[PDB]
Amino acid sequence: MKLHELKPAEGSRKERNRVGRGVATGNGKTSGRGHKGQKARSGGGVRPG
Amino acid sequence: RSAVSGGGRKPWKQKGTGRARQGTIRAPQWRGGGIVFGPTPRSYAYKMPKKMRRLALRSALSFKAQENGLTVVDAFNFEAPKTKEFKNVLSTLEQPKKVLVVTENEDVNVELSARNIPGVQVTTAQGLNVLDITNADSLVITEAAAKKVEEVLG
Amino acid sequence: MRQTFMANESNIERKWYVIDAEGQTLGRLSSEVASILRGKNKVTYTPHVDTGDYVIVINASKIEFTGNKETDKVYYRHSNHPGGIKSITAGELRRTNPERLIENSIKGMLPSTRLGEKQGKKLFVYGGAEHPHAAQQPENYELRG
Amino acid sequence: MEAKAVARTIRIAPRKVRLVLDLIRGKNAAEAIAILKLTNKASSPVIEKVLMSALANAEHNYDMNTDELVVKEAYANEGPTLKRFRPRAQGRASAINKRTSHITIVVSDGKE
Amino acid sequence: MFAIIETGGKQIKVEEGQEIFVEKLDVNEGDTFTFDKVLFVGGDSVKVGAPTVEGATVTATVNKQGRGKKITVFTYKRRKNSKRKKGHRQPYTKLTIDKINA
Amino acid sequence: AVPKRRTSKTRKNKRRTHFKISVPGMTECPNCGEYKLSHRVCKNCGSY
Amino acid sequence: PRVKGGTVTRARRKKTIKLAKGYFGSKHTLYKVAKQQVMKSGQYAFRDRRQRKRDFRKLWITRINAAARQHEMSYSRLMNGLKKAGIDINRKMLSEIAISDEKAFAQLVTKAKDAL
RNA sequence: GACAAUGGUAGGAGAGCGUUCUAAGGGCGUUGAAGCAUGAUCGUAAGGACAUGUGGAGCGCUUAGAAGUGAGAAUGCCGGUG
RNA sequence: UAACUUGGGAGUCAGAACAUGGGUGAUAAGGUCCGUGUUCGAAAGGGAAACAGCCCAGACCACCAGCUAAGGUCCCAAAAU
RNA sequence: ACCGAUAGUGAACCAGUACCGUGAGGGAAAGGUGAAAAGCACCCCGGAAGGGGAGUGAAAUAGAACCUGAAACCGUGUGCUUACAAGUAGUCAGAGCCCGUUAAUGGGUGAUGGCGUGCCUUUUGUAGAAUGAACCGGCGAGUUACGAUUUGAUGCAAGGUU
């Protein structure tokens with residue numbers, strides 16, 4: 001190819017979900033966590049099993 | 001927070017001053033610092049399977065062949081390094097601004113006579129990679145390097 | 001916003017009417033007069049300017065009250081002072097200031113906006129059949145059924 | 001033609017100087033001197049010193065007739081403040097703003 | 001001398017000579033558009049349409065295939081993190097009546 | 001004790017419309033000098 | 001690399017201050033109070049585009065009702081008989097005949113009146 | 001061309017817009033870059049231009065990379081200013 | 001016109017009022033606890049004067065077009081003195 | 001594909017320094033004239049500061065607080081409005097009076113009418129008399145490494161891989 005016309009393969013690359021950036025992304029305020037409880041805190045949740 | 005200097009002192013007391021709960025002078029909302037998730041020194045390199053490296057290098061110089069940017073010549077015979085002479089070599093045979101000369105073993109006089117022209121790069125046949133093949137507009141391989149890249153890439 | 005006639009100054013002509021009020025019940029007289037003042041009898045009616053014309057009510061002391069609401073139907077009034085509630089019956093307003101009896105019936109059928117206060121200013125109610133406004137040249141208007 | 005003078009960083013506060021400065025504007029240059037000599041505000045010897053300076057820049061630099069001039073503009077802008085503190089009670093300081101002013105009067109005869 | 005044409009989904013009170021704004025027809029500029037649905041002709045002689053006047057076209061020349069002024073459609077909910085903002089230019093046609101019929 | 005709301009720029013400027021100052025006496029001294037304050041004897045730059 | 005908050009915060013906030021021109025005092029200068037008023041006014045503009053279609057049909061019926069009582073008709077009996085005539089004219093066009101051409105309105109009154 | 005769908009919070013999915021940097025290509029600039037200010041411009045949106053001032057040196061665009069990438073709220077922090 | 005199976009990702013375990021079947025209480029509660037619906041929650045629009053839960057009715061966006069539902073038609077204030 | 005002066009060392013500046021503490025200890029803020037100082041000779045007002053000229057310079061609203069100078073805030077002017085009016089400050093509808101554009105079924109103002117109890121966070125439910133914000137500006141929060149599992153993509157395949 002050329003270094004100014006190179007493009008990735010189709011389906012190879014997605015952009016990642018930045019979470020916690022504004023209302024319209026759907027992951028804005030509470031950031032996919034829901035409101036309260038142990039799962040909504042940083043480092044929270046509980047161990048597998 | 002753990003790396004900025006100072007800030008072990010809790011700056012005021014927890015209840016009863018009328019001000020917000022702050023815990024150190026160096027918390028990340030303070031001006032003095034403490035960065036939350038910034039750069040860490042990491043390594044960005046990764047690897048492919050090594051059948052996928054041969055194929056990426058064959059596809060980079062078949063794109064040169066199919067668009068006729070492959071000019072095989074005989075041996076370069078430079079006794080002394082002379083940039084003025086090598087620039088005339090790239091003009092007697094017509095070449096674009098970016099060119100990539102390739103020899104079999106390391107020719108010390110070609111690699112010095114082309115070292116100063118902007119756009120030209122000298123490479124051993126063993127040292128071909130995808131990013132100077134696809135950067136150049138045209139290859140100029142030799143006889144001894146064309147047979148050498150043919151043996152190791154196939 | 002294609003094409004709707006919106007009335008204006010230099011576009012409306014307000015005339016003068018006289019309503020004889022003898023032998024008329026209060027709020028049937030008052031409701032017909034309230035739509036002459038606002039302009040709803042006009043085809044060039046706009047709600048935001050004062051189309052609508054002048055009404056003189058000339059008898060006003062010969063007003064019918066059906067039922068028992070000349071001893072009943074107290075009119076209340078508070079003075080914005082503690083225990084300053086004050087009352088007068090409808091019959092006691094008919095014999096004493098019958099002009100304010102009618103022009104509070106009609107002004108209560110008008111809106112309380114800045115335009116409804118100036119549309120109520122076009123009403124001139126007189127107890128007893130003589131009005132001063134012969135210069136303004138009003139016409140007779142018969143109330144509709 | 002107009003003639004102006006300014007007085008930058010005058011330690012009188014801008015609110016206190018705009019009182020007397022509203023008395024003289026629009027008025028002719030002779031009677032504006034007489035108002036600033038008779039009001040007993042602190043600013044009255046300071047605007048008068050600036051009104052003297054702009055009538056002098058009219059006669060000297062622009063060769064105007066200083067007998068017939070009128071005060072067009074008479075305003076005072078804010079300058080940089082000096083932020084002082086003040087110990088009140090129970091270890092509790094409170095800020096005092098030493099305000100400054102840029103006093104500007106311009107004078108003209110209304111002709112071009 | 002006076003007509004009510006029906007065009008778009010609505011009715012326009014037309015006189016001959018004036019510039020009228022209709023929802024977008026499928027003609028180009030500079031053409032001549034004839035209106036097929038006249039409901040009332042008045043002026044001197046008054047022809048009331050039965051639903052229509054059974055004939056009585058209105059020809060008009062076409063000026064300015066255009067887009068309207070942009071309106072911004074913003075609706076939000078009061079505490080719930082939900083809003084939507086969108087813009088709208090509505091297409092129009094600027095015809096000009098030049099000949100009436102009855 | 002404390003203001004429940006801030007006063008606006010409009011309400012502040014409506015309050016201080018009577019926060020003004022008057023022009024003084026300004027009578028001429030007919031003997032000599034500039035304008036003196038009315039019913040006052042001059043001290044400097046005048047003969048009252 | 002570090003990207004700092006340069007020049008994109010003002011450009012988003014200036015076009016809300018500029019969009020709030022003509023508001024009382026603080027509500028056209030400060031960002032937090034003009035943003036809330038522009039959100040409020042876009043909600044009002046959506047709402048009142050839907051009510052302008054109600055408040056003009058309300059205006060036309062009041063004028064047809066006042067023009068039909070000059071011919072001893074109600075609004076209700078007029079457009080009953082004007083539908084029995086087959087007339088498919090609006091409330092808007094009928095309100096503009098009645099102001100402009102008074103005889104042409106009276107001639108479709110006597111087509112609705114004998115349709116009953 | 002028909003037909004159908006399109007309120008929406010936790011939340012799931014999709015497609016985008018801007019930001020700084022890199023690579024390659026192609027560019028623009030004292031005949032005035034970026035900023036800044038103003039405007040009645042364009043796009044469905046985040047946004048994009050243009051013009052004119054100011055400003056006195058840089059900065060776009062295309063494609064693809066990387067992220068300290070987007071603020072109105074935390075009795076947030078630091079500045080000013082009421 | 002769905003359903004089911006497998007897999008990736010979830011949020012919720014404080015509900016509310018009406019109507020109705022009940023317990024409890026006092027055939028008391030805008031009470032409480034269940035069965036059953038609907039609505040709100042998460043649903044703006046119209047009506048119930050105002051009025052999350054009632055009544056009608058689900059908003060892709062323009063329109064100064066028409067018919068209608070609950071409700072209404074003297075005046076406020078559209079339409080039957 | 002590190003930072004650009006609230007960043008980056010606390011510290012780009014006569015920093016562990018002013019400053020604070022009895023003491024250990026805690027600990028700042030503060031970069032930018034111009035190419036060149038050519039850093040305003042003289043004149044005027046003033047006690048001086050300051051100004052107004054003149055002059056230097058490409059530029060002096062580049063004058064030593066000196067590159068650009070944004071908002072909050074403070075002013076001075078104005079075009080249209082306003083002293084019978086009950087207001088979440090708009091929004092549609094609109095006369096009047098001004099004005100002339102990135103010229104397009106324009107711009108400013110608003111007599112009057114209709115509608116209309118801020119925003120977050122919390123909640124069964126908030127105009128809420130529940131919480132948070134004086135305003136403006138900057139800063140300020142799902143990252144990285146390693147492993148695991150899933151898809152997507154691409155190798156080549158009974159093998160694939162270092």
# chains A, B, ... in the order shown; residues from 1 in each chain; ligands from 1
call {"tool": "residues_around", "arguments": {"residues": "stretch 21-26 of chain A", "least_positions_apart": "6", "cutoff": "8 Å", "atoms": "only C-alpha atoms (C1' of nucleotides)", "output": "PyMOL selection string"}}
result
(chain E and resi 81-83) or (chain H and resi 70)
call {"tool": "residues_around", "arguments": {"residues": "residue B:36", "least_positions_apart": "5", "cutoff": "12 Å", "atoms": "only C-alpha atoms (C1' of nucleotides)", "output": "PDB file with N, CA, C and O atoms (P, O5', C5', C4', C3', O3' and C1' of nucleotides), in the first residue's frame"}}
result
ATOM      1  N   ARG B   1      -1.006  10.138  43.615  1.00  0.00           N
ATOM      2  CA  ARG B   1      -1.060  10.635  44.985  1.00  0.00           C
ATOM      3  C   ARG B   1       0.131  10.157  45.794  1.00  0.00           C
ATOM      4  O   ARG B   1       0.661  10.889  46.634  1.00  0.00           O
ATOM      5  N   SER B   2       0.550   8.915  45.568  1.00  0.00           N
ATOM      6  CA  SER B   2       1.629   8.313  46.327  1.00  0.00           C
ATOM      7  C   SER B   2       2.993   8.872  45.968  1.00  0.00           C
ATOM      8  O   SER B   2       3.953   8.612  46.694  1.00  0.00           O
ATOM      9  N   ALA B   3       3.106   9.627  44.877  1.00  0.00           N
ATOM     10  CA  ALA B   3       4.396  10.044  44.362  1.00  0.00           C
ATOM     11  C   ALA B   3       4.670  11.525  44.516  1.00  0.00           C
ATOM     12  O   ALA B   3       5.837  11.918  44.503  1.00  0.00           O
ATOM     13  N   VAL B   4       3.641  12.356  44.637  1.00  0.00           N
ATOM     14  CA  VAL B   4       3.852  13.782  44.830  1.00  0.00           C
ATOM     15  C   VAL B   4       4.346  14.039  46.247  1.00  0.00           C
ATOM     16  O   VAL B   4       4.031  13.294  47.183  1.00  0.00           O
ATOM     17  N   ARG B  26      -2.617  16.993  48.446  1.00  0.00           N
ATOM     18  CA  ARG B  26      -2.181  16.454  47.165  1.00  0.00           C
ATOM     19  C   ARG B  26      -3.193  15.478  46.581  1.00  0.00           C
ATOM     20  O   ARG B  26      -2.820  14.561  45.855  1.00  0.00           O
ATOM     21  N   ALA B  27      -4.466  15.639  46.904  1.00  0.00           N
ATOM     22  CA  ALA B  27      -5.496  14.831  46.289  1.00  0.00           C
ATOM     23  C   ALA B  27      -5.694  15.310  44.853  1.00  0.00           C
ATOM     24  O   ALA B  27      -5.332  16.435  44.522  1.00  0.00           O
ATOM     25  N   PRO B  28      -6.226  14.463  43.961  1.00  0.00           N
ATOM     26  CA  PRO B  28      -6.236  14.832  42.539  1.00  0.00           C
ATOM     27  C   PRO B  28      -7.154  15.978  42.144  1.00  0.00           C
ATOM     28  O   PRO B  28      -7.064  16.425  41.000  1.00  0.00           O
ATOM     29  N   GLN B  29      -8.017  16.475  43.018  1.00  0.00           N
ATOM     30  CA  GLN B  29      -8.757  17.684  42.695  1.00  0.00           C
ATOM     31  C   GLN B  29      -8.050  18.943  43.162  1.00  0.00           C
ATOM     32  O   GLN B  29      -8.451  20.036  42.761  1.00  0.00           O
ATOM     33  N   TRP B  30      -7.013  18.815  43.984  1.00  0.00           N
ATOM     34  CA  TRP B  30      -6.196  19.930  44.421  1.00  0.00           C
ATOM     35  C   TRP B  30      -5.277  20.392  43.303  1.00  0.00           C
ATOM     36  O   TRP B  30      -4.977  19.654  42.365  1.00  0.00           O
TER      37      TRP B  30
ATOM     38  P     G H  68      -1.818   9.086  27.693  1.00  0.00           P
ATOM     39  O5'   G H  68      -2.653  10.156  28.517  1.00  0.00           O
ATOM     40  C5'   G H  68      -3.758   9.769  29.325  1.00  0.00           C
ATOM     41  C4'   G H  68      -4.364  10.941  30.055  1.00  0.00           C
ATOM     42  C3'   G H  68      -5.047  11.985  29.183  1.00  0.00           C
ATOM     43  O3'   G H  68      -6.119  12.569  29.914  1.00  0.00           O
ATOM     44  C1'   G H  68      -3.261  12.984  30.349  1.00  0.00           C
TER      45        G H  68
ATOM     46  P     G J 140      -7.315  18.140  34.432  1.00  0.00           P
ATOM     47  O5'   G J 140      -8.279  17.500  35.518  1.00  0.00           O
ATOM     48  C5'   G J 140      -7.770  17.017  36.748  1.00  0.00           C
ATOM     49  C4'   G J 140      -8.880  16.838  37.745  1.00  0.00           C
ATOM     50  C3'   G J 140     -10.077  16.052  37.247  1.00  0.00           C
ATOM     51  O3'   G J 140      -9.886  14.652  37.295  1.00  0.00           O
ATOM     52  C1'   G J 140     -10.828  18.037  38.235  1.00  0.00           C
ATOM     53  P     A J 141      -9.488  13.873  35.953  1.00  0.00           P
ATOM     54  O5'   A J 141     -10.311  12.520  36.026  1.00  0.00           O
ATOM     55  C5'   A J 141      -9.774  11.369  36.650  1.00  0.00           C
ATOM     56  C4'   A J 141     -10.878  10.442  37.058  1.00  0.00           C
ATOM     57  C3'   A J 141     -11.837  10.062  35.942  1.00  0.00           C
ATOM     58  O3'   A J 141     -11.392   8.924  35.235  1.00  0.00           O
ATOM     59  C1'   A J 141     -13.057  10.843  37.811  1.00  0.00           C
ATOM     60  P     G J 142     -11.585   8.804  33.650  1.00  0.00           P
ATOM     61  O5'   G J 142     -11.456   7.243  33.395  1.00  0.00           O
ATOM     62  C5'   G J 142     -12.143   6.348  34.254  1.00  0.00           C
ATOM     63  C4'   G J 142     -11.747   4.912  34.042  1.00  0.00           C
ATOM     64  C3'   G J 142     -12.146   4.324  32.701  1.00  0.00           C
ATOM     65  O3'   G J 142     -11.268   3.241  32.409  1.00  0.00           O
ATOM     66  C1'   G J 142     -13.335   3.232  34.407  1.00  0.00           C
ATOM     67  P     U J 143     -10.998   2.803  30.893  1.00  0.00           P
ATOM     68  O5'   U J 143      -9.437   3.009  30.720  1.00  0.00           O
ATOM     69  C5'   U J 143      -8.898   4.312  30.619  1.00  0.00           C
ATOM     70  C4'   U J 143      -7.550   4.400  31.276  1.00  0.00           C
ATOM     71  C3'   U J 143      -6.644   3.205  31.075  1.00  0.00           C
ATOM     72  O3'   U J 143      -5.983   3.227  29.827  1.00  0.00           O
ATOM     73  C1'   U J 143      -6.636   3.826  33.350  1.00  0.00           C
ATOM     74  P     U J 144      -5.780   1.865  29.010  1.00  0.00           P
ATOM     75  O5'   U J 144      -4.454   1.253  29.628  1.00  0.00           O
ATOM     76  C5'   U J 144      -3.261   2.013  29.664  1.00  0.00           C
ATOM     77  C4'   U J 144      -2.288   1.430  30.647  1.00  0.00           C
ATOM     78  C3'   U J 144      -2.026  -0.055  30.503  1.00  0.00           C
ATOM     79  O3'   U J 144      -1.096  -0.358  29.483  1.00  0.00           O
ATOM     80  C1'   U J 144      -2.406   0.466  32.773  1.00  0.00           C
TER      81        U J 144
END
call {"tool": "select_by_dssp", "arguments": {"residues": "chain F", "states": "strand (DSSP E)", "output": "JSON, numbers by chain"}}
result
{"F": [27, 28, 35, 36]}
call {"tool": "residues_around", "arguments": {"residues": "residue J:54", "least_positions_apart": "4", "cutoff": "10 Å", "atoms": "only C-alpha atoms (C1' of nucleotides)", "output": "PDB file with N, CA, C and O atoms (P, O5', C5', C4', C3', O3' and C1' of nucleotides), in the first residue's frame"}}
result
ATOM      1  P     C J  40      14.223  56.492  28.805  1.00  0.00           P
ATOM      2  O5'   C J  40      13.487  57.635  27.982  1.00  0.00           O
ATOM      3  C5'   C J  40      14.114  58.241  26.867  1.00  0.00           C
ATOM      4  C4'   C J  40      13.100  58.884  25.963  1.00  0.00           C
ATOM      5  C3'   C J  40      12.257  59.970  26.602  1.00  0.00           C
ATOM      6  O3'   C J  40      12.904  61.225  26.584  1.00  0.00           O
ATOM      7  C1'   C J  40      10.866  58.470  25.415  1.00  0.00           C
ATOM      8  P     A J  41      13.161  62.006  27.954  1.00  0.00           P
ATOM      9  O5'   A J  41      14.310  63.041  27.592  1.00  0.00           O
ATOM     10  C5'   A J  41      15.660  62.619  27.521  1.00  0.00           C
ATOM     11  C4'   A J  41      16.454  63.510  26.610  1.00  0.00           C
ATOM     12  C3'   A J  41      16.124  64.985  26.703  1.00  0.00           C
ATOM     13  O3'   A J  41      16.752  65.625  27.789  1.00  0.00           O
ATOM     14  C1'   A J  41      16.140  64.351  24.452  1.00  0.00           C
ATOM     15  P     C J  42      15.987  66.817  28.528  1.00  0.00           P
ATOM     16  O5'   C J  42      15.979  67.979  27.448  1.00  0.00           O
ATOM     17  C5'   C J  42      15.184  69.129  27.641  1.00  0.00           C
ATOM     18  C4'   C J  42      14.489  69.538  26.374  1.00  0.00           C
ATOM     19  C3'   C J  42      13.132  70.177  26.575  1.00  0.00           C
ATOM     20  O3'   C J  42      13.229  71.541  26.921  1.00  0.00           O
ATOM     21  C1'   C J  42      12.988  68.552  24.871  1.00  0.00           C
ATOM     22  P     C J  43      12.474  72.083  28.224  1.00  0.00           P
ATOM     23  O5'   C J  43      10.991  72.320  27.712  1.00  0.00           O
ATOM     24  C5'   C J  43      10.755  73.063  26.531  1.00  0.00           C
ATOM     25  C4'   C J  43       9.315  72.981  26.122  1.00  0.00           C
ATOM     26  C3'   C J  43       8.324  72.990  27.265  1.00  0.00           C
ATOM     27  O3'   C J  43       8.078  74.289  27.765  1.00  0.00           O
ATOM     28  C1'   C J  43       7.749  71.291  25.732  1.00  0.00           C
TER      29        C J  43
END
call {"tool": "select_by_dssp", "arguments": {"residues": "stretch 93-128 of chain C", "states": "helix (DSSP H, G or I)", "output": "list in words"}}
result
residues 93, 94, 95, 98, 99, 100, 101, 102, 103, 104, 105, 106, 107, 114, 115, 116, 117, 118, 119, 120, 121 and 122 of chain C
call {"tool": "residues_around", "arguments": {"residues": "stretch 39-45 of chain E", "least_positions_apart": "5", "cutoff": "8 Å", "atoms": "only C-alpha atoms (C1' of nucleotides)", "output": "PyMOL selection string"}}
result
(chain E and resi 1-6+50-53+102) or (chain G and resi 88-89+101+104)
call {"tool": "write_last_selection", "arguments": {"atoms": "N, CA and C atoms", "output": "PDB file, in the first residue's frame"}}
result
ATOM      1  N   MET E   1     -60.631  36.685 -10.472  1.00  0.00           N
ATOM      2  CA  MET E   1     -60.309  37.905  -9.750  1.00  0.00           C
ATOM      3  C   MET E   1     -60.059  37.542  -8.290  1.00  0.00           C
ATOM      4  N   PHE E   2     -60.434  36.314  -7.938  1.00  0.00           N
ATOM      5  CA  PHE E   2     -60.379  35.813  -6.572  1.00  0.00           C
ATOM      6  C   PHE E   2     -60.530  34.299  -6.560  1.00  0.00           C
ATOM      7  N   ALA E   3     -59.610  33.558  -5.943  1.00  0.00           N
ATOM      8  CA  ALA E   3     -59.762  32.111  -5.921  1.00  0.00           C
ATOM      9  C   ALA E   3     -59.191  31.519  -4.646  1.00  0.00           C
ATOM     10  N   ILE E   4     -59.688  30.333  -4.311  1.00  0.00           N
ATOM     11  CA  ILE E   4     -59.168  29.511  -3.228  1.00  0.00           C
ATOM     12  C   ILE E   4     -58.700  28.207  -3.849  1.00  0.00           C
ATOM     13  N   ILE E   5     -57.407  28.042  -3.957  1.00  0.00           N
ATOM     14  CA  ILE E   5     -56.844  26.794  -4.447  1.00  0.00           C
ATOM     15  C   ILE E   5     -56.555  25.896  -3.259  1.00  0.00           C
ATOM     16  N   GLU E   6     -56.591  24.594  -3.493  1.00  0.00           N
ATOM     17  CA  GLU E   6     -56.152  23.611  -2.516  1.00  0.00           C
ATOM     18  C   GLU E   6     -54.856  22.990  -3.009  1.00  0.00           C
ATOM     19  N   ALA E  50     -68.714  22.780  -5.942  1.00  0.00           N
ATOM     20  CA  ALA E  50     -69.624  21.783  -5.395  1.00  0.00           C
ATOM     21  C   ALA E  50     -68.865  20.982  -4.330  1.00  0.00           C
ATOM     22  N   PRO E  51     -67.819  20.171  -4.650  1.00  0.00           N
ATOM     23  CA  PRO E  51     -66.571  20.342  -3.897  1.00  0.00           C
ATOM     24  C   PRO E  51     -65.587  21.225  -4.642  1.00  0.00           C
ATOM     25  N   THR E  52     -65.572  21.128  -5.968  1.00  0.00           N
ATOM     26  CA  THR E  52     -64.738  21.974  -6.813  1.00  0.00           C
ATOM     27  C   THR E  52     -65.615  22.613  -7.879  1.00  0.00           C
ATOM     28  N   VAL E  53     -65.000  23.466  -8.695  1.00  0.00           N
ATOM     29  CA  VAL E  53     -65.731  24.331  -9.615  1.00  0.00           C
ATOM     30  C   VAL E  53     -65.882  23.618 -10.966  1.00  0.00           C
ATOM     31  N   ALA E 102     -62.452  30.559 -14.030  1.00  0.00           N
ATOM     32  CA  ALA E 102     -63.697  30.398 -13.295  1.00  0.00           C
ATOM     33  C   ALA E 102     -64.564  29.314 -13.924  1.00  0.00           C
TER      34      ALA E 102
ATOM     35  N   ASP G  88     -66.048  22.035   1.024  1.00  0.00           N
ATOM     36  CA  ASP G  88     -64.863  21.547   1.723  1.00  0.00           C
ATOM     37  C   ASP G  88     -63.846  22.660   1.946  1.00  0.00           C
ATOM     38  N   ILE G  89     -64.314  23.794   2.375  1.00  0.00           N
ATOM     39  CA  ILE G  89     -63.490  24.972   2.612  1.00  0.00           C
ATOM     40  C   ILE G  89     -63.031  24.957   4.069  1.00  0.00           C
ATOM     41  N   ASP G 101     -64.425  39.772   1.380  1.00  0.00           N
ATOM     42  CA  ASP G 101     -65.518  39.825   0.415  1.00  0.00           C
ATOM     43  C   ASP G 101     -66.805  39.468   1.145  1.00  0.00           C
ATOM     44  N   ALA G 104     -69.554  37.576  -0.974  1.00  0.00           N
ATOM     45  CA  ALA G 104     -69.230  36.186  -1.265  1.00  0.00           C
ATOM     46  C   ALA G 104     -69.386  35.297  -0.043  1.00  0.00           C
TER      47      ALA G 104
END
call {"tool": "interface_residues", "arguments": {"of": "chain G", "to": "chain H", "cutoff": "8 Å", "atoms": "only C-alpha atoms (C1' of nucleotides)", "output": "list in words"}}
result
residues 1, 2, 3, 4, 8 and 32 of chain G
call {"tool": "interface_residues", "arguments": {"of": "chain D", "to": "chain J", "cutoff": "6 Å", "atoms": "only C-alpha atoms (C1' of nucleotides)", "output": "PDB file with C-alpha atoms, in the first residue's frame"}}
result
ATOM      1  CA  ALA D   5      -5.967  63.991  30.488  1.00  0.00           C
ATOM      2  CA  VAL D   6      -5.963  60.943  32.724  1.00  0.00           C
ATOM      3  CA  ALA D   7      -4.885  60.214  36.290  1.00  0.00           C
ATOM      4  CA  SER D  53      -4.327  69.307  33.045  1.00  0.00           C
ATOM      5  CA  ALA D  56      -3.676  72.980  29.624  1.00  0.00           C
ATOM      6  CA  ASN D  57      -3.272  70.356  26.922  1.00  0.00           C
ATOM      7  CA  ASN D  61      -0.817  71.209  22.430  1.00  0.00           C
TER       8      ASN D  61
END
call {"tool": "interface_residues", "arguments": {"of": "chain C", "to": "chain G", "cutoff": "6 Å", "atoms": "only C-alpha atoms", "output": "list in words"}}
result
residues 41, 42 and 43 of chain C
call {"tool": "interface_residues", "arguments": {"of": "chain C", "to": "chain E", "cutoff": "10 Å", "atoms": "only C-alpha atoms", "output": "list in words"}}
result
residues 1, 2 and 3 of chain C
call {"tool": "residues_around", "arguments": {"residues": "residue F:28", "least_positions_apart": "6", "cutoff": "9 Å", "atoms": "only C-alpha atoms (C1' of nucleotides)", "output": "list in words"}}
result
residues 34, 35, 36, 37 and 38 of chain F
call {"tool": "write_last_selection", "arguments": {"atoms": "C-alpha atoms", "output": "PDB file, in the first residue's frame"}}
result
ATOM      1  CA  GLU F  34     -13.816  83.474  41.577  1.00  0.00           C
ATOM      2  CA  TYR F  35     -17.130  81.976  42.698  1.00  0.00           C
ATOM      3  CA  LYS F  36     -17.661  81.848  46.453  1.00  0.00           C
ATOM      4  CA  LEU F  37     -19.999  79.572  48.341  1.00  0.00           C
ATOM      5  CA  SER F  38     -23.265  81.406  49.012  1.00  0.00           C
TER       6      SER F  38
END
call {"tool": "interface_residues", "arguments": {"of": "chain B", "to": "chain A", "cutoff": "12 Å", "atoms": "only C-alpha atoms", "output": "list in words"}}
result
residues 56, 57, 59, 60, 61, 62, 63, 64, 66, 67, 130, 131, 132, 133, 134, 135, 136, 137 and 138 of chain B
call {"tool": "residues_around", "arguments": {"residues": "residue H:81", "least_positions_apart": "3", "cutoff": "9 Å", "atoms": "only C-alpha atoms (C1' of nucleotides)", "output": "VMD selection string"}}
result
chain J and resid 72 to 73 135 to 136
call {"tool": "interface_residues", "arguments": {"of": "chain J", "to": "chain E", "cutoff": "10 Å", "atoms": "only C-alpha atoms (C1' of nucleotides)", "output": "list in words"}}
result
residues 104, 105, 119, 120 and 121 of chain J
call {"tool": "interface_residues", "arguments": {"of": "chain I", "to": "chain C", "cutoff": "8 Å", "atoms": "only C-alpha atoms (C1' of nucleotides)", "output": "ChimeraX atom specification"}}
result
/I:64,74-76,81
call {"tool": "atom_distance", "arguments": {"atom1": "atom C1' of residue H:48", "atom2": "atom CA of residue G:11"}}
result
12.7 Å
call {"tool": "residues_around", "arguments": {"residues": "residue J:122", "least_positions_apart": "5", "cutoff": "12 Å", "atoms": "only C-alpha atoms (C1' of nucleotides)", "output": "number ranges by chain"}}
result
A: 35-36; E: 79-80; J: 130-132
